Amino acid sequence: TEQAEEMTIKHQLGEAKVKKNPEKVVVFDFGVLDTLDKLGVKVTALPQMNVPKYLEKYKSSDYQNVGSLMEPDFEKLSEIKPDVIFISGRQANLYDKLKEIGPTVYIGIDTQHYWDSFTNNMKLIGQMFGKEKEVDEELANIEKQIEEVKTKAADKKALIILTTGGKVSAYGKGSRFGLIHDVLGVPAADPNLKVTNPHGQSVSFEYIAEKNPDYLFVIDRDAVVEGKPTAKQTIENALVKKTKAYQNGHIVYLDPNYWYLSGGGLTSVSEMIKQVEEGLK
């Protein structure tokens, strides 16, 4: 039977039509980038202004530079005329501008349904590039990592903090970093904390101390945004020194190259879970 040559992809921002096995692939989501890397799929262009350390090979001049995460180089994109552009939350406001240039797929994670959304995104990439087998195998491996960590979430309450500019914001269930609770089964120090903001909910140090979590997961935003680590200087303060987490050596510094700059790819999700596993074991 003669079938359509294009895929019809209903995504959070609309519908894209993309040639199966598209030639010129542009990527503004580093989770997607690591996924295409893992699968051996050839990428054409990405924003090279700020590339996660683990994806530093994508700094090569072999890839066309289409700007920064927030500031696409539209002229360059228009030269390339891509077959598909993958975007996520940072580029959501630029959807229509990108769509004029080439088929654009929003492929951010819906954090209210992290696992379903993650898996849907990865399977789509598999279908688009004929890598369904490799994706399924890799999702299988990640499930095994999840099953290992869920079995020690136990009586250990965790709070998730991001540091930037000497300030602290928090994340809980259903949030950007909700997977620690929602997928990996770690109970929340504050189960009623509802955060939908990319940069979290501003909290005081007094609030952290009162919640007194067993574990403190910390994401150093300035390490990747400014290129200067500030998390440790920021959180190592007397109110925080009260907490079980500090006292018991259960402050876990998550790698912002993975967690903040990236996320939601085969490699980033795997590595993110390994970082949680390591902190909890």
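Just count from 1 along the sequence shown to find any residue number.
Q: Quick check: 206-214 versus 98-106, which has the larger average CA B-factor in the record?
A: Between 206-214 and 98-106, it is 206-214 that shows the higher mean C-alpha B-factor.
Q: Highest mean C-alpha temperature factor of the two stretches 268-276 and 13-21, which is it?
A: Result: 13-21.
Q: I'd like to know which of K59, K53, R221, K242 has the highest C-alpha temperature factor in the PDB entry.
A: Highest C-alpha B-factor among the listed residues goes to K242.
Q: Going by the entry, which of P198, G185, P191, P72 has the most elevated CA B factor?
A: That would be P191, according to the entry.
Q: According to the PDB entry, is the CA B factor of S117 in the bottom, middle or top third of its chain, that is, lowest, middle or highest?
A: Lowest third - that is where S117 ends up once the chain's C-alpha B-factors are sorted.
Q: Comparing against every modelled residue in the chain, figure out the third that the C-alpha B-factor of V66 lands in (lowest, middle or highest).
A: Ranked within chain, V66 CA B lands in the lowest tercile.
Q: Within this chain's modelled residues, let me know which third the CA B factor of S88 belongs to: lowest, middle or highest.
A: For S88, the deposited C-alpha B-factor lands in the lowest third.
Q: Divide the modelled residues of the chain into thirds by Cα B-factor and specify which third, lowest, middle or highest, holds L33.
A: For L33, the deposited C-alpha B-factor lands in the lowest third.
Q: Please place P229 in the lowest, middle or highest third of its chain by C-alpha B factor as given in the entry.
A: Top third by C-alpha B-factor.
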